[PDB]
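Shown next as structure tokens: one chain only, the form deposited in one PDB entry.
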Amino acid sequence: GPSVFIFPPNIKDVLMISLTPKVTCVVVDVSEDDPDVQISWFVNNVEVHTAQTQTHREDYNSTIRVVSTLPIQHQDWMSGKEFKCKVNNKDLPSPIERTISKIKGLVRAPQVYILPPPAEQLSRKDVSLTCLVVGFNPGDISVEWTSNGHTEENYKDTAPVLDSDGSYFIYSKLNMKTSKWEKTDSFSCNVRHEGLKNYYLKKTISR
């Protein structure tokens, strides 16, 4: 039968008032013979009808995939409301329910550091610039890169990792040809985390 997964809003959406946070319920392994899936959503056990639901055939493994996206209020996520999807399909004996909420806990702001490329890397044609964000709880965080107020897209973050001291760290790695690294006036590590004043810190490394 079908499996249902529920996913939280993206922390960047949660932490910026101009963006819309969304809870996601994904149904996989739906049969092509029984494609109809009914998804109901609840906020604190009250039914809401604000979700958008898309259905798609996964041609690569002969199943249907349904995705429902519930837009939510920042205040409801932050205050700990429970967001619940309920899924009905012919292949299902009883409806499947999933619920999710922000779990209350310890809050601690990250320290943000930028580490330049290692000397041994500078003779190469490409270099990596590292942002180390350490000491934060909880381990939901957004790290993005810019260059002089221009968006940089060639970077990868690690997952947040539980450190020995009970907090989290994450490393972000921006990749660039060595000539950009010399040519450029500054680079910035843009960190969004609920532990931070104004939910935002920027750290810059200037030529």
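If you superpose the two forms and keep the largest set of C-alpha atoms that fall within 1.5 Å, you have the rigid core. Numbering starts at 1 and runs along the sequence shown.
One more form of this protein exists, namely the form deposited in another entry; it is left out here, but the text below deals with it.
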property	result
Sole residue of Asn44, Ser179, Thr151, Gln54 shifting 2 angstroms or more in CA between this form and the one not shown, core aligned	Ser179
Rigid core fit then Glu82 CA moved by 2 Å or more between this form and the one not shown	no
Exceeds or equals 2 Å, Cα of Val107 between this form and the one not shown, core fit	no
Displaced residue check between this form and the one not shown: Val127, CA, 2 Å or over, core reference	yes
